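Undergrad: Here you go, one structure.
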Amino acid sequence: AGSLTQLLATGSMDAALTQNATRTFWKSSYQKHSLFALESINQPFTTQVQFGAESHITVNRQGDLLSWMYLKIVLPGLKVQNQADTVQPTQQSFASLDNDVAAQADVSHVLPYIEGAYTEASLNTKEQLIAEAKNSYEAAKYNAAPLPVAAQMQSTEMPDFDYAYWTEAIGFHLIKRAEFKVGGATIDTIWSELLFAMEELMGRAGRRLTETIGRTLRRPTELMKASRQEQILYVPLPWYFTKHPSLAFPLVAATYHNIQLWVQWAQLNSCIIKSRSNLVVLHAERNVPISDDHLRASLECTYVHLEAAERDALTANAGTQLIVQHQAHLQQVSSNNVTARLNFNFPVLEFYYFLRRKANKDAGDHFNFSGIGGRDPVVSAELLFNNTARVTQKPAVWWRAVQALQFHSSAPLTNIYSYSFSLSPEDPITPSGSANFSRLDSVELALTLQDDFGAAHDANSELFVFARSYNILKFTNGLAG
Amino acid sequence: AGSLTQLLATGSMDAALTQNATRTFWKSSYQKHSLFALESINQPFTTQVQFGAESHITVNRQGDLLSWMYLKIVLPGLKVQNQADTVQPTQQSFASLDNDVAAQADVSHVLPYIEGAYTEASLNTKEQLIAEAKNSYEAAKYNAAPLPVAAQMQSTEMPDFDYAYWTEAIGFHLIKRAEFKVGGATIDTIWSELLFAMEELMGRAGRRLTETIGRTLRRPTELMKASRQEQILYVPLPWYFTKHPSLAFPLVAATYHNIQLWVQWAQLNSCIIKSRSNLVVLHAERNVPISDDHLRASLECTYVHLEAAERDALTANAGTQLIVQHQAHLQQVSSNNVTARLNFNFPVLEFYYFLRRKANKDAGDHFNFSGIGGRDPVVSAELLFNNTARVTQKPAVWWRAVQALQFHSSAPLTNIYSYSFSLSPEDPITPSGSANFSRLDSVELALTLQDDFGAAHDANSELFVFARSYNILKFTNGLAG
Amino acid sequence: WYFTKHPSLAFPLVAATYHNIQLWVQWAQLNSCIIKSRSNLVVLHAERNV
C-alpha cells in the first residue's frame with residue numbers, strides 16, 4: 001500500500017522531473033559502434049639517444065589513428081667503486097649526500113641566530129645549536145612556537161654502505177623538453193616540470209605514475225633498491241590526442257606531413273645522486289664508468305585500425321579538432337617579491353606555477369618545490385589583468401589546495417599552485433571557460449615569497465609558470481596545421 | 001570592459017563551439033524519473049554450506065529487478081592449542097610458518113651459488129651464506145648489483161606466541177568458483193583468482209574491498225588480529241547486472257526460470273595458516289577442532305520494486321541485454337617458455353593473465369603472483385592471431401602497468417597482466433572495441449618467464465588466463481536465454 | 001619433400017585452399033638418443049639440473 005501510494009503521490013512539481021520519462025533504470029539500452037582494433041607498436045629513435053643531447057623520431061604510419069604515446073626508457077643498473085680503485089677515475093660530477101647543498105643552504109639562513117662558539121663545537125653540539133637557532137629563526141620570522149630539539153633531529157636512517165641512485169621521478173626528469181611536430185611545425189611542447197605538475201594535479205587515485213616514471217614519493221631507500229638493476233620506464237606523453245578517443249590524431253587525414261617527436265634529454269650529472277663525493281658510478285652489468293651513451297629510449301605508440309567505411313569518411317572529412325597547447329614562462333628569482341609577466345596567447349583554460357630553490361636543484365632533488373626548511377615558498381599571490389586585480393591577494397593554501405579541490409582530480413603533495421578559468425579544465429572535449437590572453441595588454445602574476453627566498457645560497461632560484469590554452473588543429477587535403 | 005570584450009571577441013572558429021549553445025552553466029536542468037524502491041534481503045542457501053563442498057541457492061522473487069548481489073560469509077574466530085594437550089589431535093594439515101615452503105623453494109634456487117660449508121654452519125652463518133648466494137645468483141642471472149647483506153635480512157617481527165589466521169583475502173579464496181544460472185543454463189562463471197584480479201585492476205581508490213573480503217595487503221599481524229574473533233565478510237559478486245542500474249536482471253521478464261547461484265567452496269586446509277606445525281586449530285567460541293561444517297554463508301540480494309506501469313512495460317517487452325561473460329584457460333607451468341592456446345569464444349573485450357608459483361600456493365599465499373624472490377615472473381609476452389603477431393614481444397611492465405594505465409581504474413599491486421581490445425572495458429553498457437575469438441583459428445599467448453620458473457620445487461606452477469566477452473541475454477514470454 | 005627440390009615444384013598453397021597441410025612426426029625414444037661413459041651415471045639437463 002505504501003510503495004504504490006508513493007507512485008500515486010505526484011503533483012505539478014514532479015511533472016518537470018518524471019512526466020514523459022525518456023529513461024528507465026530497469027532496462028539497459030546500448031548503442032552500436034563501428035569496428036576498430038588497437039595495436040601497440042614500439043619504435044626506435046631516428047637519431048642516437050644520449051644524455052644531454054636532443055633526439056628525434058619520425059612516427060611510423062602503422063594504423064589510421066594515433067592514440068596513446070609512451071616514451072619507453074631503459075636505464076642501466078648502477079654500482080659504485082672508490083675513485084682510488086678505478087683505472088680511469090675521471091667522470092662527470094654527481095650530487096652527493098656527504099655534500100648536502102640543500103641542508104648547507106638551510107643552515108646558512110639560521111647562522112645569524114646561532115648563539116655561542118659554533119666553530120669550535122663538537123658535531124653533536126653543532127647539531128643542537130643549529131636546531132636551537134632554527135627555533136629562534138622561526139620565532140623571529142614566523143612567530144612560530146619552538147619545537148622540542150629532539151623532534152627536529154630526524155635521523156634519516158641512511159644505509160652504512162656505498163650506493164648511487166637515479167633521482168626521484170627520473171622518467172620525467174630525463175625529458176627536459178618534448179615537442180610534437182607535424183609537417184615541421186611544432187603543434188605542442190611539454191617540459192619535465194610540467195609533466196610532474198600535471199601528474200600531481202590530474203593523477204587519479206590508484207593510477208599514479210609511480211613505478212612507470214621511477215617515483216618513490218621521496219623514499220631514498222626505494223630509489224637505491226630500484227637503481228641496483230636495469231629499469232624500464234613507460235613515461236606517458238599527455239598530448240591532446242591521448243586524452244580522449246575522439247581526439248586521436250588522424251594519420252590518414254595528415255598523409256603528406258611527417259609526424260615527429262623531438263626530445264631534449266637531461267644531462268647525466270643531474271640524473272644521479274651518490275652516498276659519497278669520492279665514488280665513481282659504474283654501469284652495473286658492463287662494469288664501466290657510466291657515460292652519456294648509456295641512455296636508451298624508444299617510442300611506444302598505440303595505433304587504431306578502422307573499418308574501410310570509417311577510414312574513407314575520415315580521409316574525406318577529418319575537419320577540425322579542438323586542441324590544448326602548453327605555454328611556459330620561466331624566470332630566475334633573486335628577491336622575495338616577484339612579478340611574472342605572462343606573455344601567453346590564446347584562450348587560456350588555466351595556469352600552474354611553482355618555485356624551485358637553487359639548493360634543491362643542485363642537490364639533485366629536481367621536483368622539490370619546497371621553500372627554506374621544507375616550508376611553503378609562497379606567502380601570497382595576486383593575478384592582475386591590465387593592472388586591475390582579477391584575483392586579489394590570496395594566501396598560498398588558496399592557490400594550492402582550494403583551486404585543486406575545485407578543478408582537479410587530486411591535490412598536489414608538493415608546493416604546486418594552480419588557477420582555473422575553466423569549470424572542468426581536465427575535460428579535453430568540452431570547453432568550460434577561458435581567458436583570452438591574446439586580448440590582454442598585460443597579465444601579471446605578483447608573488448610574495450617567504451623571507452630570504454632567492455637570497456645568498458639560493459640566488460637564481462627558479463619560477464615556473466605553465467599555461468594550458470585552446471587552439472584548433474585543421475586537417476585538409478592530407479595536410480594538418 | 002575586458003570581460004565584455006572577451007564575449008565580443010568571437011570569430012568563425014567559435015561558431016563551431018558556441019553558436020546555438022544548447023547548454024548553460026548558470027541554470028540547472030534535471031530529468032524526471034519513474035518511481036522505484038530498493039530493498040536488501042538476506043537469503044540462506046538451499047543446500048548445506050561446507051568447506052570443500054558445492055552449495056546452491058535458488059534466488060527468491062522478492063521484487064521486479066535484481067541489482068546488487070553479495071555473498072555474506074561468516075567465519076568463526078580461531079584459537080590454537082598444542083597437539084599434546086588435545087583429546088582428539090587428528091585434524092587436516094594446515095600451512096605453517098615454521099615450515100615456510102616458499103622460502104625453502106627460494107633457497108633451493110640459490111643452493112648452487114652457496115660457497116663454503118653450508119651444512120655444518122650455525123643458523124646465523126647459514127642466513128649470511130644464503131644472502132651472499134642470493135647476490136651471486138642475481139648477479140649471474142640478472143646482472144644485478146649486490147645489495148648489502150643487512151638490507152636482505154628483513155626480520156618480519158613475528159609475534160613470540162601461538163596463533164592461526166585465515167589467509168589473505170579469504171572472502172575471495174573461499175569462492176573457488178561461482179556460477180550464475182537461469183533456467184538450468186549457466187549464464188556466467190567467476191573464479192577466486194578472477195575476483196582478485198578484477199579488484200586489483202577495477203577497484204577504485206577509497207572503495208577497495210579490503211575489510212569486506214578479509215584483505216590486509218599482506219600484513220600478517222592484521223590477519224592474526226582479525227582471525228581471533230568471528231568475521232562477517234560481504235563479497236560482491238560482479239555479475240553483468242550488478243554493474244549498472246539499466247542492466248539489473250529483470251525477474252518479472254524471466255518468471256518461468258529459476259535463478260540460481262552455485263558456489264564451489266575452498267577446502268578448509270587451504271584457508272588457514274598457523275605459527276607452528278604441531279598446533280591444532282580450534283573454533284574460538286565452541287572450543288572444538290575446526291571442521292568443514294563451520295563455514296556459514298548466505299546470499300544478500302538487492303531487489304528493485306517498480307511502479308506498476310514500468311513493471312507491466314518490462315513484463316511485456318524486456319527485449320535483450322548486452323552481457324559480459326567470463327572465460328578461463330588454466331594451465332600448469334613446468335618451463336620458462338610457455339604457450340597458452342586461448343580457446344575463448346565470442347567478441348573478447350580484454351584478457352587478464354598471471355602466474356602462481358606452486359610454493360606460494362602450498363604456503364597458503366594464494367594471491368601471491370610473484371616469481372622467485374618476489375621478482376616479476378614474466379620477462380616478456382607476445383600475442384599471436386593465426387601465427388601472426390597481434391602484439392609483438394613486450395616486457396612484463398608494458399602488460400602490467402601500461403595496459404592498466406590506459407584501460408583500468410587502478411594499477412595492480414601484484415603481478416597481474418592485462419590487454420584490452422576495448423577503449424573502455426569497464427563501461428558495462430557502451431561497447432568500445434573487441435576481437436571476435438570465434439573467428440580466429442588460433443589465439444596464442446607466448447610467455448617468456450624468469451629463469452628456473454616451473455623447475456624443481458616449483459614444478460606445476462599455475463598460469464591463469466581469464467577473458468571478458470560480449471554476449472546477449474534475451475528475455476521472451478517469461479523465459480531468459 | 002618433392003616441393004623443396006626445385007622452385008617450379010614449390011607447393012601451391014593458393015591452389016589447395018580447402019585442404020589442411022600437415023606435418024606429422026614420430027619422435028625417437030629418449031633411451032636411444034643418448035650414450036654415456038659409464039652404466040652407473042644419471043643423465044641430467046645441464047641448465048635445469050634435473
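Please note that chains go A, B, ... in the order of the C-alpha cells, that every chain numbers its residues from 1, and that ligands are numbered from 1 in the order shown.
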Please determine the contact residues of chain B with respect to chain C at a cut-off of 8 Å, counting only C-alpha atoms, and supply them as an MDAnalysis selection string.
TA: chainID B and resid 452 455:456
Undergrad: Could you please take those selected residues and save N, CA, C and O atoms as a CSV table (one decimal), in the first residue's frame?
TA:
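In the end it all went to again_14.csv:
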```csv
chain,number,residue,atom,x,y,z
B,452,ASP,N,64.5,-20.5,-14.3
B,452,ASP,CA,64.1,-21.5,-13.3
B,452,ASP,C,62.6,-21.5,-12.9
B,452,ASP,O,62.2,-22.3,-12.0
B,455,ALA,N,60.7,-25.0,-12.6
B,455,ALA,CA,61.7,-26.0,-12.4
B,455,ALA,C,61.6,-26.5,-10.9
B,455,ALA,O,61.2,-25.8,-10.0
B,456,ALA,N,62.1,-27.7,-10.6
B,456,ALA,CA,62.3,-28.3,-9.3
B,456,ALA,C,61.1,-28.1,-8.3
B,456,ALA,O,60.1,-28.7,-8.6
```
Undergrad: Just asking: which residues within range 348-470 of chain B are strand (DSSP E or B) according to DSSP, as a PDB file with C-alpha atoms, in the first residue's frame?
TA:
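In the end it all went to result_7.pdb:
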```
ATOM      1  CA  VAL B 348      36.546 -10.647 -26.369  1.00  0.00           C
ATOM      2  CA  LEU B 349      36.866  -7.164 -24.784  1.00  0.00           C
ATOM      3  CA  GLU B 350      40.070  -7.938 -22.876  1.00  0.00           C
ATOM      4  CA  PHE B 351      42.008 -10.655 -21.081  1.00  0.00           C
ATOM      5  CA  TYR B 352      43.954 -10.919 -17.827  1.00  0.00           C
ATOM      6  CA  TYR B 353      46.782 -13.311 -17.075  1.00  0.00           C
ATOM      7  CA  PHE B 354      49.052 -14.074 -14.110  1.00  0.00           C
ATOM      8  CA  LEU B 355      51.172 -16.890 -12.682  1.00  0.00           C
ATOM      9  CA  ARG B 356      51.207 -18.573  -9.258  1.00  0.00           C
ATOM     10  CA  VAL B 378      57.110 -12.723 -16.642  1.00  0.00           C
ATOM     11  CA  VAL B 379      60.097 -11.367 -18.597  1.00  0.00           C
ATOM     12  CA  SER B 380      58.112 -10.824 -21.816  1.00  0.00           C
ATOM     13  CA  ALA B 381      54.928 -11.822 -23.634  1.00  0.00           C
ATOM     14  CA  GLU B 382      53.661 -11.915 -27.257  1.00  0.00           C
ATOM     15  CA  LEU B 383      50.065 -12.272 -28.572  1.00  0.00           C
ATOM     16  CA  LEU B 384      49.566 -14.169 -31.862  1.00  0.00           C
ATOM     17  CA  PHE B 385      46.461 -14.481 -34.077  1.00  0.00           C
ATOM     18  CA  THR B 388      50.772 -13.510 -36.879  1.00  0.00           C
ATOM     19  CA  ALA B 389      51.918 -11.128 -34.115  1.00  0.00           C
ATOM     20  CA  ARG B 390      48.897  -9.058 -32.982  1.00  0.00           C
ATOM     21  CA  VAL B 391      51.127  -7.680 -30.203  1.00  0.00           C
ATOM     22  CA  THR B 392      54.863  -8.210 -30.774  1.00  0.00           C
ATOM     23  CA  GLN B 393      57.090  -9.208 -27.828  1.00  0.00           C
ATOM     24  CA  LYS B 394      56.696  -6.668 -24.956  1.00  0.00           C
ATOM     25  CA  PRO B 395      58.295  -6.656 -21.457  1.00  0.00           C
ATOM     26  CA  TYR B 417      48.920  -8.514 -16.559  1.00  0.00           C
ATOM     27  CA  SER B 418      46.133  -7.338 -18.883  1.00  0.00           C
ATOM     28  CA  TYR B 419      45.415  -6.497 -22.504  1.00  0.00           C
ATOM     29  CA  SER B 420      42.369  -4.616 -23.797  1.00  0.00           C
ATOM     30  CA  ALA B 435      38.312  -9.113 -31.030  1.00  0.00           C
ATOM     31  CA  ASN B 436      35.992 -11.970 -32.122  1.00  0.00           C
ATOM     32  CA  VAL B 443      44.951 -17.319 -30.439  1.00  0.00           C
ATOM     33  CA  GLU B 444      48.282 -17.894 -28.671  1.00  0.00           C
ATOM     34  CA  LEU B 445      49.756 -16.055 -25.674  1.00  0.00           C
ATOM     35  CA  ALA B 446      53.501 -16.823 -25.726  1.00  0.00           C
ATOM     36  CA  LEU B 447      55.313 -16.127 -22.419  1.00  0.00           C
ATOM     37  CA  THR B 448      58.996 -15.941 -21.559  1.00  0.00           C
ATOM     38  CA  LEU B 449      59.184 -16.382 -17.778  1.00  0.00           C
ATOM     39  CA  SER B 461      53.196 -23.681 -11.118  1.00  0.00           C
ATOM     40  CA  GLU B 462      49.882 -22.292 -12.454  1.00  0.00           C
ATOM     41  CA  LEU B 463      49.075 -19.965 -15.376  1.00  0.00           C
ATOM     42  CA  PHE B 464      45.675 -18.261 -15.202  1.00  0.00           C
ATOM     43  CA  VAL B 465      44.201 -16.570 -18.279  1.00  0.00           C
ATOM     44  CA  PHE B 466      40.732 -15.002 -17.982  1.00  0.00           C
ATOM     45  CA  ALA B 467      38.825 -13.299 -20.829  1.00  0.00           C
ATOM     46  CA  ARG B 468      35.799 -10.969 -20.767  1.00  0.00           C
ATOM     47  CA  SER B 469      33.471 -11.444 -23.773  1.00  0.00           C
ATOM     48  CA  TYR B 470      30.266  -9.844 -25.053  1.00  0.00           C
TER      49      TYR B 470
END
```
Undergrad: Contacts from chain B to chain A, 8 Å maximum, only C-alpha atoms: show me the residue list as a PyMOL selection string.
TA: chain B and resi 2+6+17+30-35+37+65+142-148+204-205+245-248+250+307-308+314+318+321-322+390-392+397-398+401-402+405-406+409-411+421-423+429-435
Undergrad: Can you write just those residues out, C-alpha atoms, as a CSV table (one decimal), in the first residue's frame?
TA:
```csv
chain,number,residue,atom,x,y,z
B,2,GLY,CA,37.8,43.4,-20.6
B,6,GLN,CA,36.0,38.7,-24.4
B,17,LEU,CA,31.7,25.6,-30.2
B,30,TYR,CA,17.1,17.9,-14.4
B,31,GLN,CA,15.2,14.9,-15.8
B,32,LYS,CA,12.2,13.4,-14.1
B,33,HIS,CA,12.4,9.6,-13.4
B,34,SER,CA,9.8,6.8,-12.7
B,35,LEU,CA,9.1,5.7,-9.1
B,37,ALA,CA,12.4,1.5,-4.3
B,65,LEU,CA,14.6,-6.5,-10.7
B,142,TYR,CA,70.1,-10.6,-13.9
B,143,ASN,CA,73.4,-8.7,-13.9
B,144,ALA,CA,72.1,-7.2,-10.7
B,145,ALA,CA,74.4,-5.1,-8.4
B,146,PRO,CA,74.8,-6.8,-5.0
B,147,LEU,CA,72.6,-5.5,-2.2
B,148,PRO,CA,74.2,-5.0,1.3
B,204,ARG,CA,38.6,2.3,-7.2
B,205,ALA,CA,40.7,4.3,-4.8
B,245,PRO,CA,21.1,0.0,-13.0
B,246,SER,CA,19.9,-0.4,-16.7
B,247,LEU,CA,21.4,-4.0,-16.6
B,248,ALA,CA,19.5,-5.1,-13.5
B,250,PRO,CA,14.5,-8.4,-14.9
B,307,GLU,CA,5.8,1.3,-10.3
B,308,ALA,CA,3.0,-0.9,-11.9
B,314,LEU,CA,9.1,-4.5,-18.7
B,318,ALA,CA,12.2,-6.8,-21.6
B,321,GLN,CA,20.5,-7.1,-22.5
B,322,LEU,CA,24.2,-6.8,-23.6
B,390,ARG,CA,48.9,-9.1,-33.0
B,391,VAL,CA,51.1,-7.7,-30.2
B,392,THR,CA,54.9,-8.2,-30.8
B,397,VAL,CA,55.9,-3.8,-17.3
B,398,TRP,CA,54.1,-3.0,-20.5
B,401,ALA,CA,51.5,-1.1,-15.9
B,402,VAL,CA,50.9,0.4,-19.4
B,405,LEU,CA,47.2,2.9,-17.1
B,406,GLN,CA,45.4,3.0,-20.4
B,409,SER,CA,40.7,2.4,-12.9
B,410,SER,CA,43.8,1.1,-11.0
B,411,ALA,CA,47.3,-0.4,-11.4
B,421,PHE,CA,40.8,-4.6,-27.3
B,422,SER,CA,38.2,-2.1,-25.8
B,423,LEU,CA,38.8,1.6,-25.3
B,429,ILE,CA,26.7,-0.5,-21.4
B,430,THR,CA,28.9,1.0,-24.2
B,431,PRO,CA,30.8,-1.4,-26.5
B,432,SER,CA,34.2,0.3,-27.2
B,433,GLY,CA,36.1,-2.4,-29.1
B,434,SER,CA,36.6,-6.2,-29.2
B,435,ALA,CA,38.3,-9.1,-31.0
```
Undergrad: Taking into account only C-alpha atoms, which residue in the set B:1, B:195, B:83, B:400 is nearest to residue 176 in chain B?
TA: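 Checking each of B:1, B:195, B:83, B:400 against residue 176 in chain B, counting only C-alpha atoms, the winner is B:195.
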Undergrad: Which parts of range 265-340 of chain A does DSSP call helix (DSSP H, G or I) when run on the backbone here, written out as a PyMOL selection string?
TA: chain A and resi 268-270+292-294+308-316
Undergrad: Got time to write the residues from that selection, N, CA, C and O atoms, as a PDB file, in the first residue's frame?
TA:
```
ATOM      1  N   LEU A 268      73.517  13.808 -17.760  1.00  0.00           N
ATOM      2  CA  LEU A 268      73.762  12.654 -16.893  1.00  0.00           C
ATOM      3  C   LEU A 268      74.107  13.064 -15.454  1.00  0.00           C
ATOM      4  O   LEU A 268      73.567  12.494 -14.510  1.00  0.00           O
ATOM      5  N   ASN A 269      74.950  14.090 -15.286  1.00  0.00           N
ATOM      6  CA  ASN A 269      75.314  14.665 -13.983  1.00  0.00           C
ATOM      7  C   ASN A 269      74.110  15.050 -13.098  1.00  0.00           C
ATOM      8  O   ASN A 269      74.203  14.991 -11.876  1.00  0.00           O
ATOM      9  N   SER A 270      72.972  15.410 -13.697  1.00  0.00           N
ATOM     10  CA  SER A 270      71.752  15.784 -12.981  1.00  0.00           C
ATOM     11  C   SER A 270      70.871  14.584 -12.634  1.00  0.00           C
ATOM     12  O   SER A 270      69.929  14.714 -11.862  1.00  0.00           O
ATOM     13  N   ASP A 292      77.299   9.151 -21.221  1.00  0.00           N
ATOM     14  CA  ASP A 292      76.119   9.753 -21.846  1.00  0.00           C
ATOM     15  C   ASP A 292      75.422   8.821 -22.867  1.00  0.00           C
ATOM     16  O   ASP A 292      74.218   8.934 -23.098  1.00  0.00           O
ATOM     17  N   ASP A 293      76.140   7.854 -23.439  1.00  0.00           N
ATOM     18  CA  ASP A 293      75.644   6.867 -24.411  1.00  0.00           C
ATOM     19  C   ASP A 293      74.922   5.660 -23.777  1.00  0.00           C
ATOM     20  O   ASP A 293      74.416   4.787 -24.485  1.00  0.00           O
ATOM     21  N   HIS A 294      74.850   5.599 -22.446  1.00  0.00           N
ATOM     22  CA  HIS A 294      74.128   4.545 -21.739  1.00  0.00           C
ATOM     23  C   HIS A 294      72.617   4.795 -21.610  1.00  0.00           C
ATOM     24  O   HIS A 294      71.902   3.888 -21.184  1.00  0.00           O
ATOM     25  N   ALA A 308      37.063   0.114 -43.262  1.00  0.00           N
ATOM     26  CA  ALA A 308      37.254   0.865 -44.503  1.00  0.00           C
ATOM     27  C   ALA A 308      36.280   2.045 -44.654  1.00  0.00           C
ATOM     28  O   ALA A 308      36.705   3.146 -44.983  1.00  0.00           O
ATOM     29  N   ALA A 309      35.000   1.853 -44.330  1.00  0.00           N
ATOM     30  CA  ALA A 309      33.999   2.915 -44.439  1.00  0.00           C
ATOM     31  C   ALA A 309      34.298   4.120 -43.527  1.00  0.00           C
ATOM     32  O   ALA A 309      34.141   5.267 -43.946  1.00  0.00           O
ATOM     33  N   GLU A 310      34.745   3.882 -42.289  1.00  0.00           N
ATOM     34  CA  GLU A 310      35.094   4.953 -41.349  1.00  0.00           C
ATOM     35  C   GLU A 310      36.421   5.617 -41.734  1.00  0.00           C
ATOM     36  O   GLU A 310      36.531   6.843 -41.720  1.00  0.00           O
ATOM     37  N   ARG A 311      37.401   4.818 -42.161  1.00  0.00           N
ATOM     38  CA  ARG A 311      38.681   5.298 -42.689  1.00  0.00           C
ATOM     39  C   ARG A 311      38.495   6.226 -43.893  1.00  0.00           C
ATOM     40  O   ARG A 311      39.108   7.296 -43.948  1.00  0.00           O
ATOM     41  N   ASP A 312      37.644   5.838 -44.838  1.00  0.00           N
ATOM     42  CA  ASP A 312      37.346   6.618 -46.041  1.00  0.00           C
ATOM     43  C   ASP A 312      36.610   7.915 -45.678  1.00  0.00           C
ATOM     44  O   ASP A 312      36.970   8.991 -46.168  1.00  0.00           O
ATOM     45  N   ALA A 313      35.644   7.846 -44.756  1.00  0.00           N
ATOM     46  CA  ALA A 313      34.939   9.023 -44.251  1.00  0.00           C
ATOM     47  C   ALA A 313      35.889  10.018 -43.566  1.00  0.00           C
ATOM     48  O   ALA A 313      35.826  11.221 -43.830  1.00  0.00           O
ATOM     49  N   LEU A 314      36.808   9.520 -42.736  1.00  0.00           N
ATOM     50  CA  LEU A 314      37.797  10.340 -42.045  1.00  0.00           C
ATOM     51  C   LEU A 314      38.814  10.963 -43.014  1.00  0.00           C
ATOM     52  O   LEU A 314      39.204  12.116 -42.848  1.00  0.00           O
ATOM     53  N   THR A 315      39.216  10.227 -44.049  1.00  0.00           N
ATOM     54  CA  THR A 315      40.123  10.736 -45.093  1.00  0.00           C
ATOM     55  C   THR A 315      39.457  11.847 -45.909  1.00  0.00           C
ATOM     56  O   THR A 315      40.090  12.857 -46.214  1.00  0.00           O
ATOM     57  N   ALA A 316      38.170  11.683 -46.233  1.00  0.00           N
ATOM     58  CA  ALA A 316      37.402  12.675 -46.973  1.00  0.00           C
ATOM     59  C   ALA A 316      37.108  13.934 -46.140  1.00  0.00           C
ATOM     60  O   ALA A 316      37.114  15.039 -46.684  1.00  0.00           O
TER      61      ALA A 316
END
```
Undergrad: So which residues touch residue 48 in chain A within 12 Å, counting only C-alpha atoms, skipping near sequence neighbours fewer than 5 positions away, as a ChimeraX atom specification?
TA: /A:53-57,262-265,292-298
Undergrad: Could you please determine the separation between CA of residue 367 in chain B and CA of residue 203 in chain B in Å, to one decimal place?
TA: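 Computed distance, CA of residue 367 in chain B to CA of residue 203 in chain B, equals 15.5 Å.
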Undergrad: Between A:438, A:370, A:192, A:12, which residue has the minimum interatomic distance to residue 413 in chain A, considering only C-alpha atoms?
TA: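 Smallest distance to residue 413 in chain A is found for A:370.
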Undergrad: Can you tell me which residues surround residue 30 in chain C at a distance of at most 12 Å, considering only C-alpha atoms, apart from same-chain residues fewer than 4 positions away, and format the answer as a list in words?
TA: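 Here the answer would be residues 34, 35 and 43 of chain C.
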Undergrad: For the residues in that selection, give me C-alpha atoms as a CSV table (one decimal), in the first residue's frame.
TA:
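Once written, again_13.csv looks like this:
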```csv
chain,number,residue,atom,x,y,z
C,34,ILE,CA,72.0,-40.7,-25.6
C,35,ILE,CA,75.3,-42.5,-25.0
C,43,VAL,CA,72.0,-38.0,-17.3
```
Undergrad: Excluding same-chain residues fewer than 6 positions from range 101-114 of chain B, what lies within 7 Å of it counting only C-alpha atoms, as a list in words?
TA: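 Result of the neighbour search: residues 129, 130, 133, 134, 136, 137, 359, 360, 362, 363, 372, 373 and 457 of chain B.
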Undergrad: Could you save those same residues with N, CA and C atoms as a short mmCIF file (atom, residue, chain, number, x, y, z; two decimals), in the first residue's frame?
TA:
```cif
data_model
loop_
_atom_site.label_atom_id
_atom_site.label_comp_id
_atom_site.auth_asym_id
_atom_site.auth_seq_id
_atom_site.Cartn_x
_atom_site.Cartn_y
_atom_site.Cartn_z
N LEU B 129 75.28 -16.80 4.46
CA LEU B 129 75.63 -17.54 3.25
C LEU B 129 74.50 -17.53 2.21
N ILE B 130 73.24 -17.64 2.65
CA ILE B 130 72.07 -17.55 1.75
C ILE B 130 71.95 -16.15 1.15
N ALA B 133 74.79 -15.82 -1.41
CA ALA B 133 74.41 -16.64 -2.55
C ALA B 133 73.28 -16.02 -3.39
N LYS B 134 72.32 -15.33 -2.75
CA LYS B 134 71.30 -14.54 -3.45
C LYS B 134 71.94 -13.45 -4.31
N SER B 136 75.05 -13.50 -5.58
CA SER B 136 75.75 -14.22 -6.65
C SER B 136 74.78 -14.76 -7.72
N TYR B 137 73.65 -15.34 -7.29
CA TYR B 137 72.58 -15.78 -8.18
C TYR B 137 72.02 -14.61 -9.00
N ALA B 359 55.04 -23.14 -4.80
CA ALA B 359 55.47 -22.87 -3.43
C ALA B 359 54.60 -21.81 -2.73
N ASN B 360 54.20 -20.74 -3.43
CA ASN B 360 53.29 -19.72 -2.88
C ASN B 360 51.91 -20.31 -2.54
N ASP B 362 51.26 -23.58 -1.90
CA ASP B 362 51.48 -24.53 -0.81
C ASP B 362 51.71 -23.83 0.54
N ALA B 363 52.32 -22.64 0.53
CA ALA B 363 52.47 -21.78 1.70
C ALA B 363 51.15 -21.10 2.14
N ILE B 372 60.30 -15.87 -8.27
CA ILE B 372 61.31 -16.34 -7.32
C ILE B 372 61.90 -15.11 -6.63
N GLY B 373 62.01 -15.14 -5.30
CA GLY B 373 62.49 -13.99 -4.53
C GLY B 373 61.61 -12.75 -4.64
N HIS B 457 61.30 -27.40 -7.23
CA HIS B 457 60.28 -27.21 -6.19
C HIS B 457 59.04 -26.43 -6.68
#
```
Undergrad: Might you pull out every residue within 9 Å of residue 274 in chain B, with only C-alpha atoms counted and same-chain residues fewer than 2 positions away left off, and present them as an MDAnalysis selection string?
TA: chainID B and resid 80 94:98 162:165 272 276:277 279:281
Undergrad: In Å to one decimal, how far is CA of residue 64 in chain A from CA of residue 302 in chain A?
TA: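 CA of residue 64 in chain A lies 10.6 Å from CA of residue 302 in chain A.
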